[PDB]
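Note: the block below is work-v7.cif and it holds mmCIF, N, CA and C atoms.
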```cif
data_work
loop_
_atom_site.label_atom_id
_atom_site.label_comp_id
_atom_site.auth_asym_id
_atom_site.auth_seq_id
_atom_site.Cartn_x
_atom_site.Cartn_y
_atom_site.Cartn_z
N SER A 943 1.48 43.08 14.81
CA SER A 943 2.61 42.45 15.48
C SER A 943 3.47 43.44 16.25
N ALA A 944 3.12 44.72 16.23
CA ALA A 944 3.90 45.73 16.95
C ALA A 944 3.82 45.51 18.46
N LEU A 945 2.61 45.32 18.98
CA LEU A 945 2.40 45.08 20.40
C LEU A 945 2.77 43.64 20.73
N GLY A 946 4.07 43.39 20.80
CA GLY A 946 4.57 42.06 21.09
C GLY A 946 5.00 41.89 22.53
N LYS A 947 5.60 42.94 23.10
CA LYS A 947 6.05 42.88 24.49
C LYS A 947 4.89 42.77 25.48
N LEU A 948 3.71 43.28 25.13
CA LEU A 948 2.54 43.15 25.97
C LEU A 948 1.83 41.81 25.80
N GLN A 949 1.81 41.26 24.59
CA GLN A 949 1.22 39.95 24.35
C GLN A 949 2.09 38.82 24.88
N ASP A 950 3.41 39.01 24.92
CA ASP A 950 4.30 37.96 25.41
C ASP A 950 4.06 37.69 26.89
N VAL A 951 3.85 38.74 27.69
CA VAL A 951 3.60 38.55 29.11
C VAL A 951 2.29 37.81 29.34
N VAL A 952 1.24 38.18 28.59
CA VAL A 952 -0.04 37.50 28.71
C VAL A 952 0.08 36.03 28.30
N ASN A 953 0.81 35.75 27.22
CA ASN A 953 0.99 34.37 26.78
C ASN A 953 1.77 33.56 27.81
N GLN A 954 2.81 34.16 28.40
CA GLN A 954 3.58 33.45 29.42
C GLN A 954 2.74 33.16 30.66
N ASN A 955 1.95 34.13 31.11
CA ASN A 955 1.09 33.89 32.27
C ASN A 955 0.04 32.83 31.97
N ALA A 956 -0.56 32.87 30.78
CA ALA A 956 -1.55 31.87 30.41
C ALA A 956 -0.93 30.48 30.32
N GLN A 957 0.29 30.38 29.79
CA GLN A 957 0.95 29.08 29.70
C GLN A 957 1.34 28.56 31.08
N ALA A 958 1.77 29.45 31.97
CA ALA A 958 2.07 29.04 33.34
C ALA A 958 0.83 28.50 34.03
N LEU A 959 -0.29 29.22 33.90
CA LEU A 959 -1.55 28.74 34.46
C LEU A 959 -2.01 27.42 33.85
N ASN A 960 -1.89 27.26 32.53
CA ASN A 960 -2.26 26.02 31.87
C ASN A 960 -1.41 24.85 32.34
N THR A 961 -0.10 25.05 32.49
CA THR A 961 0.75 23.99 33.03
C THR A 961 0.40 23.67 34.47
N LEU A 962 0.15 24.68 35.30
CA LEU A 962 -0.24 24.44 36.69
C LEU A 962 -1.55 23.68 36.78
N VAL A 963 -2.48 23.92 35.85
CA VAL A 963 -3.73 23.17 35.81
C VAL A 963 -3.54 21.74 35.31
N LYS A 964 -2.78 21.55 34.23
CA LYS A 964 -2.52 20.23 33.68
C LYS A 964 -1.69 19.36 34.62
N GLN A 965 -0.96 19.96 35.55
CA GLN A 965 -0.24 19.20 36.56
C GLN A 965 -1.16 18.45 37.52
N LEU A 966 -2.46 18.76 37.53
CA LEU A 966 -3.42 18.04 38.35
C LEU A 966 -3.84 16.71 37.74
N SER A 967 -3.43 16.43 36.50
CA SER A 967 -3.74 15.16 35.86
C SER A 967 -2.65 14.11 36.02
N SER A 968 -1.47 14.50 36.49
CA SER A 968 -0.39 13.55 36.70
C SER A 968 -0.66 12.68 37.92
N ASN A 969 -0.01 11.52 37.96
CA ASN A 969 -0.17 10.58 39.05
C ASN A 969 0.96 10.63 40.07
N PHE A 970 2.17 11.00 39.64
CA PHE A 970 3.34 11.10 40.51
C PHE A 970 3.64 9.78 41.23
N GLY A 971 3.28 8.65 40.62
CA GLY A 971 3.52 7.33 41.18
C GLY A 971 2.29 6.70 41.80
N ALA A 972 1.24 7.48 42.00
CA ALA A 972 0.01 6.97 42.60
C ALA A 972 -0.79 6.15 41.60
N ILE A 973 -1.94 5.63 42.03
CA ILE A 973 -2.80 4.81 41.18
C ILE A 973 -3.81 5.64 40.42
N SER A 974 -4.02 6.90 40.81
CA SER A 974 -4.98 7.76 40.13
C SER A 974 -4.71 9.22 40.47
N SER A 975 -5.01 10.13 39.54
CA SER A 975 -4.82 11.55 39.79
C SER A 975 -5.93 12.14 40.64
N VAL A 976 -7.14 11.58 40.56
CA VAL A 976 -8.27 12.08 41.33
C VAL A 976 -8.20 11.52 42.74
N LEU A 977 -8.31 12.41 43.73
CA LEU A 977 -8.29 11.98 45.12
C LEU A 977 -9.57 11.27 45.54
N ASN A 978 -10.70 11.62 44.92
CA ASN A 978 -11.95 10.92 45.21
C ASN A 978 -11.89 9.45 44.80
N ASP A 979 -11.30 9.14 43.65
CA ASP A 979 -11.12 7.77 43.20
C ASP A 979 -10.20 6.97 44.12
N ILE A 980 -9.29 7.63 44.83
CA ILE A 980 -8.45 6.96 45.81
C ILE A 980 -9.15 6.80 47.15
N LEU A 981 -9.91 7.79 47.61
CA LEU A 981 -10.64 7.71 48.86
C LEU A 981 -11.84 6.77 48.77
N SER A 982 -12.32 6.50 47.55
CA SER A 982 -13.42 5.56 47.37
C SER A 982 -12.98 4.16 46.99
N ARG A 983 -11.69 3.91 46.83
CA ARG A 983 -11.18 2.58 46.50
C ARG A 983 -10.31 1.97 47.58
N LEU A 984 -9.55 2.77 48.32
CA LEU A 984 -8.63 2.27 49.32
C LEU A 984 -9.07 2.70 50.72
N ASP A 985 -8.47 2.07 51.71
CA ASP A 985 -8.72 2.34 53.12
C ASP A 985 -7.72 3.37 53.64
N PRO A 986 -8.06 4.07 54.72
CA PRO A 986 -7.15 5.08 55.28
C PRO A 986 -5.76 4.53 55.58
N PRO A 987 -5.63 3.27 56.04
CA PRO A 987 -4.27 2.72 56.19
C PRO A 987 -3.47 2.70 54.90
N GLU A 988 -4.10 2.46 53.75
CA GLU A 988 -3.38 2.34 52.49
C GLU A 988 -3.58 3.54 51.57
N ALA A 989 -4.49 4.46 51.90
CA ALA A 989 -4.71 5.64 51.08
C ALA A 989 -3.70 6.75 51.34
N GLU A 990 -3.09 6.78 52.53
CA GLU A 990 -2.10 7.80 52.83
C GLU A 990 -0.88 7.68 51.94
N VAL A 991 -0.44 6.45 51.66
CA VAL A 991 0.73 6.24 50.81
C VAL A 991 0.47 6.72 49.39
N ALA B 348 -9.61 -26.27 37.68
CA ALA B 348 -8.65 -26.41 36.59
C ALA B 348 -7.25 -26.30 37.18
N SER B 349 -6.24 -26.50 36.33
CA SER B 349 -4.85 -26.42 36.72
C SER B 349 -4.35 -24.98 36.57
N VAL B 350 -3.05 -24.79 36.79
CA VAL B 350 -2.43 -23.48 36.72
C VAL B 350 -1.89 -23.18 35.32
N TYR B 351 -1.74 -24.19 34.47
CA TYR B 351 -1.33 -23.99 33.09
C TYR B 351 -2.51 -23.83 32.14
N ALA B 352 -3.68 -24.38 32.47
CA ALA B 352 -4.91 -24.18 31.71
C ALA B 352 -5.98 -23.78 32.72
N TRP B 353 -6.06 -22.48 33.00
CA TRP B 353 -6.97 -21.94 34.00
C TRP B 353 -8.15 -21.27 33.32
N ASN B 354 -9.35 -21.53 33.83
CA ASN B 354 -10.54 -20.92 33.26
C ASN B 354 -10.55 -19.42 33.50
N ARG B 355 -11.27 -18.71 32.63
CA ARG B 355 -11.38 -17.25 32.73
C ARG B 355 -12.83 -16.89 32.40
N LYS B 356 -13.67 -16.81 33.43
CA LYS B 356 -15.08 -16.50 33.25
C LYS B 356 -15.27 -14.99 33.21
N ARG B 357 -15.85 -14.51 32.11
CA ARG B 357 -16.07 -13.08 31.89
C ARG B 357 -17.40 -12.70 32.53
N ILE B 358 -17.34 -11.91 33.60
CA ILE B 358 -18.53 -11.39 34.26
C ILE B 358 -19.16 -10.34 33.35
N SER B 359 -20.47 -10.21 33.43
CA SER B 359 -21.22 -9.33 32.54
C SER B 359 -22.26 -8.59 33.37
N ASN B 360 -23.23 -7.98 32.70
CA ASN B 360 -24.28 -7.19 33.35
C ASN B 360 -24.91 -7.94 34.51
N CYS B 361 -24.72 -7.42 35.72
CA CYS B 361 -25.21 -8.07 36.93
C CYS B 361 -25.20 -7.04 38.05
N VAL B 362 -25.67 -7.46 39.23
CA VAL B 362 -25.58 -6.67 40.45
C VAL B 362 -24.75 -7.49 41.43
N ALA B 363 -23.45 -7.24 41.45
CA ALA B 363 -22.57 -7.98 42.34
C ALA B 363 -22.87 -7.63 43.79
N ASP B 364 -22.63 -8.60 44.67
CA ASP B 364 -22.85 -8.39 46.10
C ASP B 364 -21.63 -8.93 46.83
N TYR B 365 -20.62 -8.07 47.02
CA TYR B 365 -19.42 -8.43 47.75
C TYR B 365 -19.62 -8.41 49.26
N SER B 366 -20.87 -8.28 49.73
CA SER B 366 -21.12 -8.31 51.16
C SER B 366 -20.72 -9.65 51.76
N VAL B 367 -21.39 -10.73 51.36
CA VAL B 367 -20.96 -12.05 51.79
C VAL B 367 -19.98 -12.64 50.78
N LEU B 368 -18.74 -12.17 50.83
CA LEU B 368 -17.62 -12.83 50.18
C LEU B 368 -16.42 -12.77 51.12
N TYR B 369 -16.44 -11.78 52.02
CA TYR B 369 -15.39 -11.56 53.00
C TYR B 369 -15.92 -11.72 54.42
N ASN B 370 -17.21 -11.42 54.62
CA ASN B 370 -17.86 -11.64 55.90
C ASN B 370 -18.33 -13.09 55.99
N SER B 371 -17.42 -14.03 55.77
CA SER B 371 -17.74 -15.45 55.80
C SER B 371 -16.49 -16.27 56.08
N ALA B 372 -16.46 -16.96 57.22
CA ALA B 372 -15.29 -17.74 57.60
C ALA B 372 -15.19 -19.02 56.78
N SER B 373 -14.92 -18.88 55.48
CA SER B 373 -14.78 -20.04 54.60
C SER B 373 -13.63 -19.83 53.63
N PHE B 374 -12.92 -18.71 53.76
CA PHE B 374 -11.81 -18.38 52.88
C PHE B 374 -10.56 -18.17 53.72
N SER B 375 -9.46 -18.80 53.32
CA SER B 375 -8.22 -18.68 54.08
C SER B 375 -7.57 -17.32 53.85
N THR B 376 -7.52 -16.87 52.60
CA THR B 376 -6.88 -15.61 52.25
C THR B 376 -7.80 -14.80 51.35
N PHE B 377 -7.92 -13.51 51.66
CA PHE B 377 -8.75 -12.59 50.89
C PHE B 377 -7.96 -11.31 50.61
N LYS B 378 -6.72 -11.48 50.15
CA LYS B 378 -5.87 -10.33 49.90
C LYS B 378 -6.33 -9.56 48.67
N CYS B 379 -6.60 -8.27 48.86
CA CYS B 379 -7.02 -7.37 47.79
C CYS B 379 -5.86 -6.47 47.41
N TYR B 380 -5.81 -6.11 46.13
CA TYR B 380 -4.76 -5.25 45.60
C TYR B 380 -5.40 -4.15 44.76
N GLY B 381 -5.10 -2.90 45.09
CA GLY B 381 -5.66 -1.75 44.41
C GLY B 381 -6.98 -1.28 44.96
N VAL B 382 -7.72 -2.14 45.66
CA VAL B 382 -8.99 -1.79 46.27
C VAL B 382 -9.05 -2.39 47.67
N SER B 383 -10.01 -1.91 48.46
CA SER B 383 -10.23 -2.42 49.80
C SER B 383 -11.49 -3.28 49.81
N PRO B 384 -11.52 -4.38 50.57
CA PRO B 384 -12.70 -5.25 50.56
C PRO B 384 -13.95 -4.57 51.09
N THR B 385 -13.77 -3.55 51.93
CA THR B 385 -14.90 -2.83 52.52
C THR B 385 -15.48 -1.78 51.58
N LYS B 386 -14.83 -1.50 50.45
CA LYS B 386 -15.32 -0.53 49.48
C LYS B 386 -15.85 -1.17 48.21
N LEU B 387 -15.87 -2.50 48.14
CA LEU B 387 -16.33 -3.20 46.94
C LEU B 387 -17.84 -3.12 46.75
N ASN B 388 -18.59 -2.80 47.80
CA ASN B 388 -20.04 -2.65 47.70
C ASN B 388 -20.45 -1.27 47.22
N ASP B 389 -19.49 -0.36 47.06
CA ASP B 389 -19.77 0.99 46.59
C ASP B 389 -19.20 1.29 45.21
N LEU B 390 -18.39 0.41 44.65
CA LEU B 390 -17.77 0.63 43.35
C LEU B 390 -18.54 -0.09 42.26
N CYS B 391 -18.67 0.57 41.11
CA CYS B 391 -19.32 0.01 39.93
C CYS B 391 -18.26 -0.26 38.88
N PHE B 392 -17.85 -1.52 38.77
CA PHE B 392 -16.75 -1.91 37.91
C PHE B 392 -17.22 -2.08 36.47
N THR B 393 -16.27 -1.98 35.54
CA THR B 393 -16.59 -2.12 34.12
C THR B 393 -16.63 -3.58 33.70
N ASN B 394 -15.63 -4.36 34.10
CA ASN B 394 -15.55 -5.77 33.72
C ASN B 394 -14.77 -6.53 34.78
N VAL B 395 -15.36 -7.60 35.29
CA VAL B 395 -14.72 -8.46 36.29
C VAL B 395 -14.27 -9.74 35.60
N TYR B 396 -13.08 -10.22 35.95
CA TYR B 396 -12.47 -11.40 35.34
C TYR B 396 -12.09 -12.37 36.45
N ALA B 397 -12.80 -13.50 36.52
CA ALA B 397 -12.50 -14.52 37.50
C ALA B 397 -11.61 -15.60 36.91
N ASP C 398 -2.62 -5.32 77.80
CA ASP C 398 -3.90 -5.82 77.30
C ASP C 398 -3.79 -7.33 77.14
N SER C 399 -4.34 -8.08 78.09
CA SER C 399 -4.28 -9.53 78.09
C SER C 399 -5.56 -10.10 77.49
N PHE C 400 -5.40 -10.89 76.42
CA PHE C 400 -6.52 -11.55 75.77
C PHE C 400 -5.99 -12.73 74.98
N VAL C 401 -6.88 -13.68 74.70
CA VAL C 401 -6.51 -14.94 74.06
C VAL C 401 -7.21 -15.05 72.72
N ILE C 402 -6.46 -15.46 71.69
CA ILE C 402 -7.01 -15.69 70.36
C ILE C 402 -6.40 -16.96 69.79
N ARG C 403 -6.77 -17.30 68.55
CA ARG C 403 -6.42 -18.60 67.97
C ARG C 403 -5.55 -18.40 66.74
N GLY C 404 -4.37 -19.02 66.76
CA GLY C 404 -3.51 -19.17 65.60
C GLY C 404 -3.26 -17.94 64.74
N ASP C 405 -3.67 -18.02 63.47
CA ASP C 405 -3.41 -16.95 62.51
C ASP C 405 -4.10 -15.65 62.91
N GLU C 406 -5.20 -15.76 63.66
CA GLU C 406 -5.89 -14.56 64.12
C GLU C 406 -5.04 -13.79 65.13
N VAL C 407 -4.09 -14.47 65.77
CA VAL C 407 -3.18 -13.79 66.69
C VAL C 407 -2.19 -12.93 65.91
N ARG C 408 -1.81 -13.39 64.71
CA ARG C 408 -0.93 -12.62 63.84
C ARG C 408 -1.71 -11.51 63.14
N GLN C 409 -3.01 -11.42 63.42
CA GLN C 409 -3.86 -10.37 62.87
C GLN C 409 -3.99 -9.20 63.84
N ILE C 410 -2.96 -8.96 64.65
CA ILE C 410 -2.92 -7.82 65.55
C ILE C 410 -1.81 -6.88 65.11
N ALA C 411 -2.16 -5.89 64.30
CA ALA C 411 -1.19 -4.95 63.77
C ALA C 411 -1.88 -3.65 63.35
N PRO C 412 -1.19 -2.51 63.42
CA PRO C 412 -1.81 -1.25 63.00
C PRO C 412 -2.15 -1.23 61.52
N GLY C 413 -3.41 -0.95 61.19
CA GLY C 413 -3.84 -0.90 59.81
C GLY C 413 -3.84 -2.26 59.14
N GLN C 414 -4.66 -3.17 59.65
CA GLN C 414 -4.74 -4.52 59.11
C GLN C 414 -6.19 -4.99 59.15
N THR C 415 -6.62 -5.61 58.05
CA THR C 415 -7.97 -6.12 57.94
C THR C 415 -8.05 -7.55 58.48
N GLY C 416 -9.25 -7.92 58.93
CA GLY C 416 -9.46 -9.24 59.50
C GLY C 416 -10.68 -9.30 60.40
N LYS C 417 -10.91 -10.46 61.01
CA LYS C 417 -12.06 -10.65 61.89
C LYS C 417 -11.83 -10.04 63.27
N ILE C 418 -10.65 -10.28 63.85
CA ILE C 418 -10.37 -9.78 65.20
C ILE C 418 -10.28 -8.26 65.19
N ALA C 419 -9.62 -7.70 64.17
CA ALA C 419 -9.46 -6.25 64.09
C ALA C 419 -10.80 -5.56 63.86
N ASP C 420 -11.73 -6.26 63.20
CA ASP C 420 -13.02 -5.67 62.87
C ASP C 420 -13.88 -5.46 64.11
N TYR C 421 -14.13 -6.53 64.87
CA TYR C 421 -15.06 -6.44 65.99
C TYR C 421 -14.49 -6.91 67.32
N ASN C 422 -13.42 -7.71 67.34
CA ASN C 422 -12.93 -8.25 68.61
C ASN C 422 -11.97 -7.27 69.28
N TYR C 423 -10.90 -6.89 68.59
CA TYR C 423 -9.90 -6.00 69.17
C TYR C 423 -9.24 -5.22 68.05
N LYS C 424 -9.44 -3.90 68.04
CA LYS C 424 -8.92 -3.04 66.99
C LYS C 424 -7.69 -2.29 67.48
N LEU C 425 -6.69 -2.18 66.61
CA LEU C 425 -5.46 -1.48 66.95
C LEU C 425 -5.36 -0.22 66.10
N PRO C 426 -5.10 0.95 66.69
CA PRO C 426 -5.05 2.19 65.90
C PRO C 426 -3.83 2.23 64.99
N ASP C 427 -3.88 3.07 63.95
CA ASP C 427 -2.72 3.25 63.08
C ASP C 427 -1.82 4.35 63.64
N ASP C 428 -1.50 4.26 64.92
CA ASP C 428 -0.55 5.15 65.57
C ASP C 428 0.12 4.40 66.71
N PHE C 429 -0.15 3.10 66.80
CA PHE C 429 0.26 2.27 67.92
C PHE C 429 1.77 2.27 68.10
N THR C 430 2.24 2.84 69.21
CA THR C 430 3.66 2.83 69.55
C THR C 430 3.86 1.93 70.78
N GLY C 431 4.03 0.65 70.49
CA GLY C 431 4.21 -0.34 71.54
C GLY C 431 4.82 -1.63 71.05
N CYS C 432 4.37 -2.76 71.59
CA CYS C 432 4.87 -4.07 71.20
C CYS C 432 3.78 -5.10 71.41
N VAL C 433 3.69 -6.06 70.48
CA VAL C 433 2.72 -7.14 70.56
C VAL C 433 3.47 -8.42 70.90
N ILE C 434 3.26 -8.93 72.10
CA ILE C 434 3.92 -10.14 72.59
C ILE C 434 2.92 -11.28 72.56
N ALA C 435 3.26 -12.35 71.84
CA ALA C 435 2.40 -13.51 71.71
C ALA C 435 3.24 -14.77 71.81
N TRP C 436 2.75 -15.76 72.56
CA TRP C 436 3.47 -17.01 72.76
C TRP C 436 2.47 -18.16 72.71
N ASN C 437 2.93 -19.32 72.23
CA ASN C 437 2.08 -20.49 72.15
C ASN C 437 1.78 -21.04 73.54
N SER C 438 0.50 -21.35 73.78
CA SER C 438 0.04 -21.90 75.05
C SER C 438 -0.85 -23.11 74.77
N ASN C 439 -0.24 -24.29 74.69
CA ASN C 439 -0.98 -25.51 74.40
C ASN C 439 -1.38 -26.25 75.68
N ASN C 440 -0.39 -26.68 76.46
CA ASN C 440 -0.68 -27.53 77.61
C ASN C 440 -0.88 -26.72 78.89
N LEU C 441 -1.70 -25.67 78.82
CA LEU C 441 -2.11 -24.96 80.02
C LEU C 441 -3.59 -24.59 79.95
N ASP C 442 -4.17 -24.69 78.75
CA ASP C 442 -5.56 -24.30 78.55
C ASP C 442 -6.36 -25.38 77.82
N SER C 443 -5.69 -26.16 76.98
CA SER C 443 -6.35 -27.15 76.15
C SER C 443 -7.07 -28.20 76.98
N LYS C 444 -8.38 -28.28 76.81
CA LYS C 444 -9.21 -29.26 77.49
C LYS C 444 -9.50 -30.43 76.55
N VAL C 445 -10.12 -31.48 77.08
CA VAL C 445 -10.45 -32.64 76.26
C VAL C 445 -11.54 -32.27 75.27
N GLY C 446 -11.31 -32.58 74.00
CA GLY C 446 -12.27 -32.23 72.96
C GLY C 446 -12.42 -30.75 72.71
#
```

So that I can check it, write out the structure of this file as structure tokens.
Amino acid sequence: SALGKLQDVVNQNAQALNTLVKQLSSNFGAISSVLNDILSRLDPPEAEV
Amino acid sequence: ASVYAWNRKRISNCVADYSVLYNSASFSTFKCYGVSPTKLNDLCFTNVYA
Amino acid sequence: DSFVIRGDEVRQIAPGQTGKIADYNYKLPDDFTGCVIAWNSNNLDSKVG
């Protein structure tokens, strides 16, 4: 547990990356998080929204 | 049927063909929600409820 | 752009709209910056039967 200041930075960077990756699963009001599922279900007039 | 006792037919294992459901001048309104009528021939749905 | 259509199909002239006229008769882009002028014309074209 002595090397704590070096492990803290690695843990913070890993958690930042994990949050940035998990943010790709949110919908933000849309019907699906995957863009392929939106481009294969809706038309360009309604897919932009 | 009426609007208070409306039938609900559970679609099952089949090969749906939405080609002639919209390309036919026999329907007054064909409003789709969540999907586009032109993409229904490419989607494989889990369960359809009429 | 002068052309003649029938009833509800005339209201089917709009940017990003599905229908019969928009499909093959007359398509309007989803960038249309103009105006659609339509008026009823009964007793100038209607023939017997």

Task: Atomic distance atom C of residue 413 (chain C) - CA of residue 429 (chain C), expressed in Å with one decimal - done: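 Separation between atom C of residue 413 (chain C) and CA of residue 429 (chain C): 10.7 Å.
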
Open item on the list: Based on only N, CA and C atoms, which of the residues in chain A come within 8 Å of chain B? I want them as number ranges by chain.
Closed with: A: 973, 982-985

Neighbouring residues of region 406-409 of chain C were defined as those with any atom within 6.5 Å, considering all atoms listed in the file; residues of the same chain fewer than 4 positions away were excluded. Please report them as a compact mmCIF listing (two decimals) with N, CA and C atoms, keeping the file's coordinate frame.
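Final output, part13.txt:
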```txt
# COMPACT_ATOMS: atom_id res chain seq x y z
N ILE C 402 -6.46 -15.46 71.69
CA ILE C 402 -7.01 -15.69 70.36
C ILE C 402 -6.40 -16.96 69.79
N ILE C 418 -10.65 -10.28 63.85
CA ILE C 418 -10.37 -9.78 65.20
C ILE C 418 -10.28 -8.26 65.19
N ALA C 419 -9.62 -7.70 64.17
CA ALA C 419 -9.46 -6.25 64.09
C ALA C 419 -10.80 -5.56 63.86
```

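The nearest approach to chain A among the residues C:414, C:435, C:405, C:422, with only N, CA and C atoms taken into account, belongs to C:414.
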
TODO: Find the residues of chain A in contact range of chain C, meaning any atom within 12 Å when counting only C-alpha atoms, and list them as a ChimeraX atom specification.
DONE: /A:984-990

Centre and edges of the region 415-419 of chain C box, axis-aligned, 6 Å extra per side, as JSON:
```
{"center_x": -9.3, "center_y": -8.1, "center_z": 61.6, "size_x": 17.4, "size_y": 17.1, "size_z": 19.3}
```

- [ ] Apply the PyMOL selection byres (((chain B and resi 362-366 and name CA) around 8) and name CA) to the displayed file and report the matching residues as a PyMOL selection string.
- [x] chain B and resi 360-361+367-370+384+387-388

Would you put the residues from that selection into a file with N, CA and C atoms, as a PDB file, keeping the file's coordinate frame?
```pdb
ATOM      1  N   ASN B 360     -23.230  -7.980  32.700  1.00  0.00           N
ATOM      2  CA  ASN B 360     -24.280  -7.190  33.350  1.00  0.00           C
ATOM      3  C   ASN B 360     -24.910  -7.940  34.510  1.00  0.00           C
ATOM      4  N   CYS B 361     -24.720  -7.420  35.720  1.00  0.00           N
ATOM      5  CA  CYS B 361     -25.210  -8.070  36.930  1.00  0.00           C
ATOM      6  C   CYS B 361     -25.200  -7.040  38.050  1.00  0.00           C
ATOM      7  N   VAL B 367     -21.390 -10.730  51.360  1.00  0.00           N
ATOM      8  CA  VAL B 367     -20.960 -12.050  51.790  1.00  0.00           C
ATOM      9  C   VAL B 367     -19.980 -12.640  50.780  1.00  0.00           C
ATOM     10  N   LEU B 368     -18.740 -12.170  50.830  1.00  0.00           N
ATOM     11  CA  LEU B 368     -17.620 -12.830  50.180  1.00  0.00           C
ATOM     12  C   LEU B 368     -16.420 -12.770  51.120  1.00  0.00           C
ATOM     13  N   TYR B 369     -16.440 -11.780  52.020  1.00  0.00           N
ATOM     14  CA  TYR B 369     -15.390 -11.560  53.000  1.00  0.00           C
ATOM     15  C   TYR B 369     -15.920 -11.720  54.420  1.00  0.00           C
ATOM     16  N   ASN B 370     -17.210 -11.420  54.620  1.00  0.00           N
ATOM     17  CA  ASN B 370     -17.860 -11.640  55.900  1.00  0.00           C
ATOM     18  C   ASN B 370     -18.330 -13.090  55.990  1.00  0.00           C
ATOM     19  N   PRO B 384     -11.520  -4.380  50.570  1.00  0.00           N
ATOM     20  CA  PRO B 384     -12.700  -5.250  50.560  1.00  0.00           C
ATOM     21  C   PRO B 384     -13.950  -4.570  51.090  1.00  0.00           C
ATOM     22  N   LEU B 387     -15.870  -2.500  48.140  1.00  0.00           N
ATOM     23  CA  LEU B 387     -16.330  -3.200  46.940  1.00  0.00           C
ATOM     24  C   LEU B 387     -17.840  -3.120  46.750  1.00  0.00           C
ATOM     25  N   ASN B 388     -18.590  -2.800  47.800  1.00  0.00           N
ATOM     26  CA  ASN B 388     -20.040  -2.650  47.700  1.00  0.00           C
ATOM     27  C   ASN B 388     -20.450  -1.270  47.220  1.00  0.00           C
TER      28      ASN B 388
END
```

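Going from CA of residue 966 (chain A) over to CA of residue 978 (chain A), you cover 13.1 Å.
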
- [ ] Figure out the distance between CA of residue 420 (chain C) and CA of residue 398 (chain C), please, to one decimal in Å.
- [x] 17.1 Å

Task: Pick from C:434, C:416, C:439, C:446, whichever lies nearest to chain B using only C-alpha atoms - done: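 Of all the options, C:416 lies closest to chain B.
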
Task: All helix (DSSP H, G or I) residues (DSSP, backbone) inside chain B, as an MDAnalysis selection string - done: chainID B and resid 366:368 384:386

TODO: Would you mind listing what lies within 10 Å of region 348-357 of chain B as a list in words, with only C-alpha atoms counted and same-chain residues fewer than 6 positions away left out?
DONE: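 Near neighbours after the sequence-gap exclusion: residues 394, 395, 396 and 397 of chain B.
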
Residues just named, written with N, CA and C atoms as a short mmCIF file (atom, residue, chain, number, x, y, z; two decimals), keeping the file's coordinate frame:
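See part.cif below for the written result:
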```
data_model
loop_
_atom_site.label_atom_id
_atom_site.label_comp_id
_atom_site.auth_asym_id
_atom_site.auth_seq_id
_atom_site.Cartn_x
_atom_site.Cartn_y
_atom_site.Cartn_z
N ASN B 394 -15.63 -4.36 34.10
CA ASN B 394 -15.55 -5.77 33.72
C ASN B 394 -14.77 -6.53 34.78
N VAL B 395 -15.36 -7.60 35.29
CA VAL B 395 -14.72 -8.46 36.29
C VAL B 395 -14.27 -9.74 35.60
N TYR B 396 -13.08 -10.22 35.95
CA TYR B 396 -12.47 -11.40 35.34
C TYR B 396 -12.09 -12.37 36.45
N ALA B 397 -12.80 -13.50 36.52
CA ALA B 397 -12.50 -14.52 37.50
C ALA B 397 -11.61 -15.60 36.91
#
```
